[PDB]
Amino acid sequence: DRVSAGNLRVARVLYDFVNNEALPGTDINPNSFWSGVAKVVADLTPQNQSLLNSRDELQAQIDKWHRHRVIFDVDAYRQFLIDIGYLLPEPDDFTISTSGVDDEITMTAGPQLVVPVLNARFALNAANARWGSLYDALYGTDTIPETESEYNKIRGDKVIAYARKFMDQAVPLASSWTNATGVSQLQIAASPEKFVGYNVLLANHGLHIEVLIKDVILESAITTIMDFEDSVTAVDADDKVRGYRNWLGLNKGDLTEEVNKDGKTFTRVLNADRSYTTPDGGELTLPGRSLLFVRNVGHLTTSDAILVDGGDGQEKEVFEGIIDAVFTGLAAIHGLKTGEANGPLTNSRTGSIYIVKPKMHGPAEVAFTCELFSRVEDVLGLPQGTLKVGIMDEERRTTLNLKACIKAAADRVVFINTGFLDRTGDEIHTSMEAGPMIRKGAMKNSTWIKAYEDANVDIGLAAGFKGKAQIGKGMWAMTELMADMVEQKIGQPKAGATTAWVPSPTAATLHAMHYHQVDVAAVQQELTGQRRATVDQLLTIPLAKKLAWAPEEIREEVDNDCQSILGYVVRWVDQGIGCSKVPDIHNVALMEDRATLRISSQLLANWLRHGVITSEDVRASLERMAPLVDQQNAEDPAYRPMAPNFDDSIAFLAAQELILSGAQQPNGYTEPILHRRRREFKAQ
């Protein structure tokens, strides 16, 4: 069940999906498509492999360098990084030129949702999360404490009062909103231009508020990243094709999903755009859906969805990132076109497609991404420059060369984002040989992470992002702890981030309040010109000093890390579920994703390498945490317990192998082990 398409031996499920579902309506001759795809693969594969080899070669050099330099000669270290080509010169100041970009990205500051593309139900909700009920968000979360079955009026009243107080912040009266006796320029029984329409529609900081006359709706997830990478499990052509079909469906605009509850079924569909009467009596139409990005995989992994003849290989698995650019690009044409075969809805209003590119190391790797995109646009007949790139700043070689990384994509970049979880994973792996690292929770307060976050913004603004491309920060992982999020996450817009990552539609609605409270444009303007971080700060390796930890602190870290690896991996391996809510050793429900795994496994691998803990301690902790995870999953009938037969569980062995072999994984990446182990489970 592979179709010969010249040099490509394509899994039929993929071949049929492309020819039967994706190609018609694109005006791309099917034979030209496969031939052109063959050629991109032939031409770009050697450079892809070469880039990966450079990764390994640099890491080998750093490992060796630390063998005797074990401490700290900062100057010698820095000059070594220069000599080996790890740290490259900063180019001169420039301004990005990226154009054809939507207003959601250039003009608006607000939340950005990330969702697993493989889950249609979740994807649909994510795309529809552009608008959400503040009342539902308040009532349904701990943002309104339970202090002091059916609706509860004493809660609803707190909800109403909270929204009222929010109204006084975002759309202030001339002379609280509470005292309003009714509404009719708008009148209530400060800035009159914040009345934009009715069907009552208000705008503050470029974001809409709708008061139903009853409820307050907030424009919430302005943009949404449909994720093929860390939040999904996709290890073969079957899984990939599920992902590509959902993405195709979102871009056609006809993705639907049946939802059955309480003996009733409703079909989930995409929301229409929203019409209003303007105050002059004219018409206004606003987007009903989040502007969609897609997160492709990075440069590392290969996929047997296509096996390749020619070049330097023998039926070589194709590079996954290459095929993601092709197939996510192809599907996204329908989100730009308006013919009969292209579905009822479009995504961009401006002729762009937005791909998030993760896990890139350094400017050559950004240049290669841009060439891939260029070659794909050629095969697809999209104008050059249509595939715009969201750059994840989440690898040390990228952070340290960030200005050159942006310049390498100056014509295509629509964001940068501090993917802080991967970035910490890379920090640990890169300096693995330097000595034992501080605890995961100490990393938050480290010199390097502070310079990483600040540099990103500075370099962004210095490259002229204000008004042209987002500057983003990272995910809030604690899904039930929304009072904490409303309290803490205001820090990101206050730091000049025009966007930050949220885990669900409800979190998007609550985080949107922060952008009403903080004028991110003015914050960005006050940041303009400032230089708040240094290369020497970034190069401060977060090594633990001696006598850093009482033995209980060591033990708390180990169990916490093992429980989190196990809770996430067991669902990954046994169920093919890539984004799980997993309760830590302190109880709290977290969004675990592959990057959370990278951090935990690398920290443990580092502690093992330097004798902070033993192999025996690791096994012991894993065995102790297994049944806790089994217990957490008990009410799920699809779950199979890991205990007591730990060595018969592929999931368990996968968690063990991530830690015990963690030091040998390229840059600490979890895919080689996880992909291997998921395939093993499927074939069992």
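Heads up: residue numbers just count along the shown sequence, starting at 1.
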Taking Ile71 and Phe72 as adjacent modelled residues, how many residues of the deposited sequence between them have no coordinates (none, 1 to 3, 4 to 9, 10 or more)? 1 to 3
Quick one: classify how much of the deposited chain lacks coordinates between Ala189 and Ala190, choosing none, 1 to 3, 4 to 9, or 10 or more. 4 to 9
On average, are the C-alpha B-factors higher in 52-60 or in 638-646? 638-646
If you take the mean CA temperature factor per stretch, which one wins between 674-682 and 4-12? 4-12
Among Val376, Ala203, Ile577, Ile225 - the residue whose C-alpha B-factor is largest in the record: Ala203
Quiz for you: based on the deposited Cα B-factor, which of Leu250, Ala500, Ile217, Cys562 is highest? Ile217
Consider only the C-alpha atoms of the modelled residues in this chain, order them by B-factor as the entry records it, and name the third containing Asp393: lowest, middle or highest. lowest
Name the third of the chain's ranked CA B-factors that contains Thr26, choosing lowest, middle or highest. middle
Compare the C-alpha B factor of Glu657 with those of the other modelled residues in its chain, then answer lowest, middle or highest third. lowest
Would the CA B-factor of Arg155 place it in the lowest, middle or highest third of its chain? highest
Which third of the chain holds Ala137 when residues are ordered by C-alpha B factor: lowest, middle or highest? highest
